[PDB]
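As structure tokens, one chain now follows by itself in the form deposited in one PDB entry.
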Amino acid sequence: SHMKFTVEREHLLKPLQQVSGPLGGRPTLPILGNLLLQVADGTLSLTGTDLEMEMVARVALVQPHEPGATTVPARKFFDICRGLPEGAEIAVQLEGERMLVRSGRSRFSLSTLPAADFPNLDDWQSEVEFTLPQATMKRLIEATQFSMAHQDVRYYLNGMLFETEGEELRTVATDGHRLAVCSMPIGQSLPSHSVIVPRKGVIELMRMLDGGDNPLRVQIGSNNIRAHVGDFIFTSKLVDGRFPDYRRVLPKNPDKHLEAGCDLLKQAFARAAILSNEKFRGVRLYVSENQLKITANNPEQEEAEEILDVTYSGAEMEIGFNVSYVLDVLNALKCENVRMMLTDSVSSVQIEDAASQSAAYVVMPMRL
């Protein structure tokens, strides 16, 4: 191939870092360990992929260049660029099946694989499109991502529901024990639609949101989702499956409302957790007039007890929880006071920020 370019080190590092995101992590096919490099019309494009998602970065070429393409080992190429001195100019060209990298008195010959072999995601058509602030997308994912399933047999929970309704973008994540849902206004009228993004793609979308006054442009097809921020384009296949309806898992008539300081509540659960069962992490809540008591004990018969002043006037009751599920919610709620809505010992609890209803969390209890 004719491909040639020379680019300063600092223009390459962040793109190489971003497009390497989808790469593992248990090799599969050798070309999947390579980045696709393409030069055309004064632009260098870099692509990495795991066959399910891909990340693309564009770099402007202001120095002499020649069009072409190849694929190169991502970790070796990244380390070469990162290892060169600050300010270095990195010259690249192909000689036969080898990629030559030269900077000053450093020279490297890398083995390549043909660009024609690189599995890039196939052509697909956009059906829903909108723009939103990156901070909004970031808040929506951060607010729910921890409740996603991981390696669950119900493959449709190993991901996150993205749902457009009215003026809102909504995310839902659940593993069948706990659920998180967050809605944010988008300031544009959208069709009613919902897709499942795989959890690995959710994570990389979250890690691409860095920059400043750049907006985030989203395109959703029938089988794919695409996000454009600045010079980076993320694309992922969608999960083909039916997602549970968060509207139906919400507690239907909670008659007991507790309100408490988020920091003090989180710290009491964290300390009680220390003497909980290491495998099951069960803790026990007793609520009474303006009082909350958290207890925990383990197979060695050790015991923790925490008492907190809360705002509660409902009937006294006792309920068990996996303390990690509760602490995930309270760590996600970066707020002053949380509200807990309860029904009985065998029913789900809904947890939210006492001052905001944009996010809600539902956690199923444990049999005490």
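Rigid core here is just the name for the largest C-alpha set that superposes within 1.5 Å across the two forms. For every residue, the number given is its place in the sequence shown, counted from 1.
In at least a third of the other PDB entries of this protein that model the residues around it, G25 has no coordinates. Higher mean CA temperature factor between 154-162 and 208-216: 208-216, per the PDB entry.
The mean C-alpha temperature factor is higher for 119-127 when 119-127 and 133-141 are set side by side. Residue-level inspection of the entry shows that, of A273, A173, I186, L292, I186 has the top Cα B-factor. Looking only at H193, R75, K237, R281, the residue with the top Cα B factor in the deposited structure is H193. When the modelled residues of the chain are ordered by C-alpha B-factor, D79 sits in the lowest third. Residue-level temperature factors show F108 in the lowest third of its chain, judged at the C-alpha atom. In this PDB entry, the Cα temperature factor of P251 sits in the top third of its chain's modelled residues, the highest group. For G230, the recorded CA temperature factor ranks within the highest third of the chain's modelled residues.
When the modelled residues of the chain are ordered by C-alpha B-factor, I31 sits in the highest third.
Not pictured, yet referred to below: the form deposited in another entry.
Comparing C-alpha positions between this form and the one not shown after a rigid core fit, one residue in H177, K256, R170, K76 moves 2 angstroms or more. It is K256. With the core held fixed, the Cα of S222 is displaced between this form and the one not shown by less than 2 Å. Taking 2 Å as the criterion, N290 counts as shifted between this form and the one not shown: its C-alpha moves by at least this amount when the rigid core is aligned. Core-superposed comparison between this form and the one not shown: the C-alpha position of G314 differs by no less than 2 Å. Between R26 and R98, the C-alpha separation shrinks by 3 Å or more in that other deposited form, relative to the conformation displayed. The distance between the CA atoms of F77 and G25 is at least 3 Å shorter in that other deposited form than in the form shown here.
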